[PDB]
Structure formats: C-alpha cells, structure tokens
Amino acid sequence: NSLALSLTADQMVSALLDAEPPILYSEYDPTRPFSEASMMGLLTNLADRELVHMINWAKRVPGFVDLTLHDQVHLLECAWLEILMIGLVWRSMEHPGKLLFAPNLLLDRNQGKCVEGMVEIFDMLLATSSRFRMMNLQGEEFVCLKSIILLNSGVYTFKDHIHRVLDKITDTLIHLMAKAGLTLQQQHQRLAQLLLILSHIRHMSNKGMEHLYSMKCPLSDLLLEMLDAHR
Amino acid sequence: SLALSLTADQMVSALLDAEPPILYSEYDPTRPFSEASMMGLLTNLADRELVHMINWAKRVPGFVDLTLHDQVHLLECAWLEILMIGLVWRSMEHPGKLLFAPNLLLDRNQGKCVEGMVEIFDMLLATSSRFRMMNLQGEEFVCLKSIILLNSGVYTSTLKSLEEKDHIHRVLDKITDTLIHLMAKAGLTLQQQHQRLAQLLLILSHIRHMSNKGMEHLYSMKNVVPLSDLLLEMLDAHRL
Amino acid sequence: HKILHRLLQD
Amino acid sequence: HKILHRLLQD
Ligand SMILES: CC(=C(c1ccc(O)cc1)c1ccc(O)cc1)c1ccc(C(C)(C)C)cc1
Ligand SMILES: CC(=C(c1ccc(O)cc1)c1ccc(O)cc1)c1ccc(C(C)(C)C)cc1
C-alpha cells in the first residue's frame with residue numbers, strides 16, 4: 001500500500017515532471033546595485049515564496065503522502081535549503097558563471113561581496129551548476145535527484161517505506177540512462193556521479209544554514225521556523 | 001597513472017592492504033568521568049588516528065598523482081568524515097554502542113555529559129544501524145572511505161587546475177566499477193546492484209552532515225578543551 | 001504550533 | 001608550511 005511502489009518508470013517520471021514548482025520572479029526594482037540589506041532582502045523574500053510551492057511539490061512526490069504528518073515535517077525541515085539550492089543550480093545551468101535566482105535576478109560572484117559568506121556560497125553553487133552542465137544533466141534526472149534529497153536527507157534521523165521509494169527512484173534513474181543509450185558501465189558510473197554531487201549539496205546547505213541562523217538577528221515566520229529546526 | 005590500470009580485484013586488495021590499525025584510547029576506568037576528560041580522550045584518539053589516516057591516503061590509488069596542495073585540501077575537507085565512517089564501521093556489531101576504541105565503548109547516555117554530543121552520537125548510531133541492516137562488507141567499506149577522500153573536496157589547467165579534477169573523477173569511476181564488481185560477485189541482480197550502490201552513496205550524504213555538524217561544535221569549543229596542533233589546523237581549514 | 005503543518009494539511 | 005603539508009611531504 002502506497003501507490004508509489006506500483007508506478008512504472010515512465011509513470012514516475014511524468015508524475016515528478018508534472019509536480020514541478022513554478023519559476024517565481026523577484027521584485028522588479030531596477031535600482032542598482034544592492035546593499036547587504038536589499039540583497040538579502042530579495043533572496044529571503046524569494047526563498048520564502050518558493051517554500052510555499054516546495055511544500056505542495058512535496059505532497060505530489062510519490063510516497064511522501066503516505067508518511068505521517070510529523071515525518072513529512074521532519075523531512076522538509078531537514079532538506080528545505082538543499083531542495084532550493086539544487087533548484088537554483090538547475091536553473092543556472094544555461095548561464096555559466098551566473099546564478100539565475102529568478103528570470104529577472106541573474107547574479108554573478110561579484111555582486112555578493114557585499115555580504116559575509118555569500119561569495120563562498122556562490123562559488124560552490126556555481127561549481128555545482130558547472131558540474132551539472134558538464135554532465136549534461138537532463139530534466140528527468142533533475143526531478144529524480146531532487147525528490148531523492150527530500151526523502152533521503154532526514155531519513156537517518158527518524159524508514160523502510162522511504163527506502164523502498166528511494167529504490168524506486170533509483171530504478172527510474174537507471175531506466176532514464178538506459179533509455180538515453182548508455183552502456184551498463186556508463187549507467188552505474190553516471191548514477192554514482194550524480195549521487196555524489198548530493199553530498200556537496202548537503203555541504204552547501206549546512207554551510208549556508210550556519211550563516212543564516214547566525215545573522216538571523218527580515219526572515220518570514222515560516223523561514224524562521226524552518227531555520228529554527230536546525231538550531 | 002597506475003590507478004586506472006588496476007582491475008577491480010587489484011583495487012580491493014590495494015585498499016584492504018592500506019587499512020589503518022585500530023588504536024586504543026587512554027581510557028582509565030578508575031578515573032571519574034568529566035566533560036573535559038571525555039573530550040580529551042576522544043581528541044587524543046582522533047589526533048593519533050589522523051597520523052595513520054594521512055599515510056593511509058597516500059596508499060589510496062590515484063591520491064599520490066595529485067599535487068601536494070590538492071592532497072592537503074582533500075584531507076582538510078574529509079578528515080572528520082573519514083574518522084566517522086571508520087568509527088561507524090567498527091561499531092557495526094555493537095548495537096546501540098559506539099566503539100571509539102577496543103577499551104572505549106560508549107552508549108548515547110554517556111554522551112549527554114557534553115552539549116551536542118548526544119545528537120552526534122544518535123546520528124552515528126543510526127548510520128551503523130543502517131550499515132548493519134545493509135550487511136555492509138569490508139571490501140565495500142574501504143571503497144566508500146576512499147570515495148569520501150577523493151569526493152568530499154573536489155568541488156572546491158588553469159586558475160585552479162581542472163586537469164586534476166578530471167583525474168580524480170576517473171579514479172572515482174574506477175571505484176564505482178569496483179563496487180559493482182563486488183556486488184555482482186556477491187550474486188546480486190543488476191537491479192539489486194544499482195539499488196545497493198545508490199543506498200551506499202546516499203549514506204555518504206548523512207556522513208557529510210554529521211561531519212558538518214560535528215565540525216561546527218568542534219570549532220565552538222576552541223572554550224578551553226585542548227586540541228592537538230594538527231587537529232587545530234584541520235579545524236581551522238573549515239573557516240578560511 | 002508551526003506554519004508548516006497548515007501548509008502540509010491544505 | 002602546514003602540519004598536514006609536511007606530513008604529506010615526507
Ligand atoms: C543562495 C541562498 C539562498 C537563501 C535562502 C534563504 C535566505 O533567507 C536567503 C538566501 C537561496 C537558495 C535558493 C533559492 O531558490 C533562493 C535562495 C543563500 C545565499 C547566501 C547565504 C549567506 C551565507 C550569505 C547567508 C545563504 C543562503
Ligand atoms: C565522534 C566524534 C569524534 C571527535 C573528533 C574530534 C575530537 O576532537 C573529538 C571527538 C571522533 C570521530 C571518529 C573517531 O575515530 C574518533 C573521534 C565527535 C564527538 C563529539 C563532538 C562534539 C559535538 C561534542 C563536539 C564532535 C565529534
């Protein structure tokens with residue numbers, strides 16, 4: 001019982017694709033450049049709005065609905081910045097050297113010098129985006145990786161159902177690579193490469209989180225509660 | 001390079017042979033426990049393990065091919081991860097216990113005496129429990145530990161040469177091949193092979209998490225408790 | 001309690 | 001210059 005485990009590989013792909021959250025816009029003020037306040041203002045505002053859509057996306061991730069409410073809360077509180085980051089990184093792929101936070105908010109590493117810790121977090125995000133770009137990450141792979149983050153990042157802090165679903169998503173990934181014409185060796189090599197990048201995404205989240213609840217001295221009440229979960 | 005010319009069997013034997021020993025702690029069962037002494041025991045242990053780790057890294061295929069600064073960088077990034085997965089591996093057949101040393105076995109209750117320790121302990125216990133349920137093999141463990149060394153620091157020619165990054169990834173691909181070889185050798189089906197491969201690499205994310213959280217608390221008490229010079233420098237690396 | 005909850009319910 | 005550096009160097 002779950003429905004997710006009964007899905008086929010293509011059913012899994014379409015379901016995840018259809019669940020994809022929209023790309024939101026930042027505020028349309030062309031005033032340049034930014035202060036430390038306005039820069040963090042724009043990003044925080046954006047992140048807070050994205051979170052509302054992330055939570056509806058999560059409910060549509062196969063297997064997530066079968067979890068108890070508190071298990072859903074735990075996984076989201078654990079992985080929210082990871083999920084935002086892999087989204088940002090995916091968005092920025094076609095823009096080498098830049099971070100596409102929103103279609104009207106494309107930033108480079110230089111525009112972050114006005115904030116402590118920003119250049120460092122920017123460079124890592126940029127490195128990740130460049131990595132995805134060199135691997136030619138496909139959208140169908142991206143949605144698999146993102147759902148994996150949701151289910152995996154907090155699973156060790158509770159589980160069998162989640163691992164069964166994680167197994168299903170693995171099957172789906174391999175199915176995608178075989179469909180693309182990759183040899184068997186190429187398939188497991190690519191799987192590994194993709195999953196290992198998730199370790200770095202965790203790192204970026206932890207490092208970013210650490211700064212966030214240090215300078216948390218205006219965050220939305222929701223963002224504060226998500227942030228408070230890591231403290 | 002030699003790392004790319006090694007078969008899967010040769011990769012395993014090389015990694016197995018390079019395994020560091022299991023060290024003892026200075027644990028005195030007569031001495032009254034204290035927060036400062038418990039952390040002292042763990043710090044002293046880690047500092048001695050670090051020396052073996054550094055010479056272990058040199059024996060990891062492909063690692064010696066890298067420039068010295070890259071070697072330094074990879075170890076500065078991965079040292080706590082490598083210590084932790086080692087601890088977790090030693091603790092597998094000790095349910096609810098962490099085997100820091102043969103004379104230092106600990107449960108989560110003995111961790112409440114320092115702020116932040118019980119949280120790390122629970123995460124480490126959960127990882128060993130995961131390994132125990134998965135029935136992790138030694139040949140798989142040594143592959144995982146060397147993946148961490150080469151992977152954890154690689155995303156941080158040229159202006160910081162990209163040729164090195166490619167060599168590391170080639171070696172990483174070889175270790176992936178080695179993991180798959182082991183799994184097929186164990187009679188697993190293709191579906192089971194890539195599933196177990198995924199399960200293994202996903203645990204590395206949690207190991208990263210434990211290291212990040214552990215590091216965070218570690219450079220907060222740097223609050224009296226004596227760190228060794230090497231440990232102090234490794235810890236400084238996660239700041240600037 | 002938490003804003004997350006409500007967002008998850010509806 | 002760096003303990004790890006020296007140790008890696010021997
Ligand atoms: C890149 C990033 C964020 C962010 C998240 C929450 C905030 O309150 C502010 C920024 C982000 C990630 C993805 C996304 O779609 C939108 C926003 C971030 C940037 C800088 C930092 C500091 C280290 C400077 C605090 C932290 C997170
Ligand atoms: C589990 C762990 C450590 C450790 C590392 C460095 C130290 O100075 C002290 C302890 C460890 C890991 C593996 C190993 O083989 C030996 C030691 C650790 C325990 C507690 C903490 C705090 C959060 C309490 C700071 C950090 C790391």
Side-chain angles (χ1 to χ4, degrees), chain A residues 21 23-24 26 36 39-51 54 80-92 99-102 105 107 112 114-115 117-122 124-125 204-205 207-215 218-220 223-224 226-227, chain B residues 20 22-23 25 38-50 53 79-91 98-101 104 106 111 113-114 116-121 123-124 210-211 213-222 225-228 231-232 234-235:
Chain A
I23 302 186
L24 306 185
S26 184
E36 178 171 353
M39 169 61 69
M40 291 307 301
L42 295 181
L43 300 189
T44 289
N45 178 279
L46 175 63
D48 171 71
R49 278 181 291 129
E50 285 186 280
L51 281 169
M54 177 192 304
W80 67 271
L81 187 51
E82 281 184 88
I83 291 158
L84 285 183
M85 274 173 176
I86 197 182
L88 168 63
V89 163
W90 163 255
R91 275 177 275 148
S92 307
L99 295 173
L100 189 69
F101 283 89
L105 189 52
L107 304 178
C114 59
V115 181
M118 175 100 69
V119 177
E120 294 73 10
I121 209 76
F122 269 14
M124 283 180 290
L125 293 167
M204 288 189 297
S205 178
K207 178 163 175 51
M209 200 78 62
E210 178 182 1
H211 281 95
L212 280 182
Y213 56 65
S214 88
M215 63 168 294
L219 304 174
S220 61
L223 193 48
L224 283 172
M226 300 298 283
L227 191 57
Chain B
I22 296 175
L23 310 182
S25 76
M38 300 178 227
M39 282 304 302
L41 287 173
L42 299 186
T43 293
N44 174 272
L45 178 61
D47 174 72
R48 279 179 292 124
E49 293 184 274
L50 273 187
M53 185 199 300
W79 68 269
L80 187 51
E81 279 187 90
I82 297 177
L83 288 179
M84 277 179 175
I85 192 176
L87 168 62
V88 164
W89 165 256
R90 302 192 298 276
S91 307
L98 292 171
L99 193 145
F100 280 88
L104 190 56
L106 299 174
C113 305
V114 148
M117 180 175 291
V118 61
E119 285 78 13
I120 293 279
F121 273 20
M123 290 189 294
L124 292 164
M210 292 187 293
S211 180
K213 304 304 294 179
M215 205 81 61
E216 183 183 6
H217 286 86
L218 276 183
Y219 58 61
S220 72
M221 45 173 58
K222 165 181 51 180
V225 168
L227 301 178
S228 60
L231 213 41
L232 211 62
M234 302 297 281
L235 192 59

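Just so you know, ligand 1 is whichever comes first in the structure, and atom 1 is the first atom listed for that ligand. Proteins come first, then strands; the chains are lettered A, B, ... in the order of their sequence lines, and each starts at number 1. Scope of the values below: all heavy atoms of this structure, side chains included, with no hydrogens, waters or symmetry mates.
If you look at A:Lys207 next to ligand 1, there are no close heavy atoms at all, none under 4.0 Å. With a 4.0 Å heavy-atom cut-off, ligand 1 is reached by no atom of A:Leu99. With a 4.0 Å cut-off on non-hydrogen atoms, A:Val115 touches ligand 1 through its side chain and not its backbone. Of the heavy atoms in A:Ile121, only side-chain atoms (C-beta onward) come closer than 4.0 Å to ligand 1. When heavy-atom distances to ligand 1 are checked against a 4.0 Å cut-off, A:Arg91 comes that close only through its side chain, counted from C-beta outward. In A:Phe101, the part holding a heavy atom less than 4.0 Å from any atom of ligand 1 is the side chain.
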Would you please test A:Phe122 and A:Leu107 for side chain to side chain contact (heavy atoms under 4.5 Å, CB included) and show each step?
-> CA-CA 9 Å; A:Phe122 269 14; A:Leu107 304 178; 4.1 Å; yes

Check the pair A:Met215 / A:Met40 against side chain to side chain contact (heavy atoms under 4.5 Å, CB included), numbers first and verdict last.
-> CA-CA 11 Å; A:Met215 63 168 294; A:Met40 291 307 301; 4.1 Å; yes

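Summarising the geometry, atom CE belonging to B:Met215 is positioned 8.0 Å from atom CD belonging to B:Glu81; distances are rounded to the nearest 0.5 Å.
For ligand 1, the atoms closer than 4.0 angstrom to any heavy atom of A:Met215 are 25 (C). The ligand atoms of ligand 2 that sit less than 4.0 angstrom from a heavy atom of B:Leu124 are 1 (C). Atom numbering of ligand 2 starts at 1 in the shown order; those under 4.0 Å from a heavy atom of B:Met39 are 9 (C). Near A:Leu219, meaning under 4.0 Å from any of its heavy atoms, are these atoms of ligand 1: 8 (O). Within the listing of ligand 1, atoms 23 (C), 25 (C) sit less than 4.0 angstrom from a heavy atom of A:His211. Atoms of ligand 1 lying under 4.0 Å from any heavy atom of A:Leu223, numbered from 1 in the order shown and given with element: 8 (O). Shown in contact with B:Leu42 at under 4.0 Å from a heavy atom are these atoms of ligand 2, numbered in order with element: 9 (C), 10 (C).
Counting heavy atoms from C-beta on, the side chains of A:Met39 and A:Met118 come closer than 4.5 Å. Taking the side chain as every heavy atom from C-beta outward, A:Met85 and A:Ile121 approach each other to under 4.5 Å.
With sequence neighbours left out, the side chain to side chain contact (heavy atoms under 4.5 Å, CB included) criterion links B:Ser228 to B:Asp47, B:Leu231.
No side-chain donor-acceptor contact under 3.5 Å links B:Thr43 to the backbone of B:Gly40.
Within the structure, every pair that satisfies the salt bridge (charged side-chain N to carboxylate O under 4.0 Å, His left out) test and touches residues 83-92 of chain A, not counting sequence neighbours, is listed here: A:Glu50-A:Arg91.
Atom CD1 of B:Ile22 sits in a sparse spot, with 12 or fewer heavy atoms from other residues, nucleotides or ligands closer than 6.0 Å.
Of the polar atoms of B:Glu49, at least one N or O is found under 3.5 Å from an N or O of ligand 2, judged by distance alone. The shortest N/O to N/O separation between B:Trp79 and ligand 2 does not fall below 3.5 Å.
Closest to atom 13 (C) of ligand 1 by heavy atom, among A:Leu224, A:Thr44, A:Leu84, A:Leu107, is A:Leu84.
The two residues A:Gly208 and A:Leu81 come nearest to each other via the heavy atoms C-CD2, 4.1 Å.
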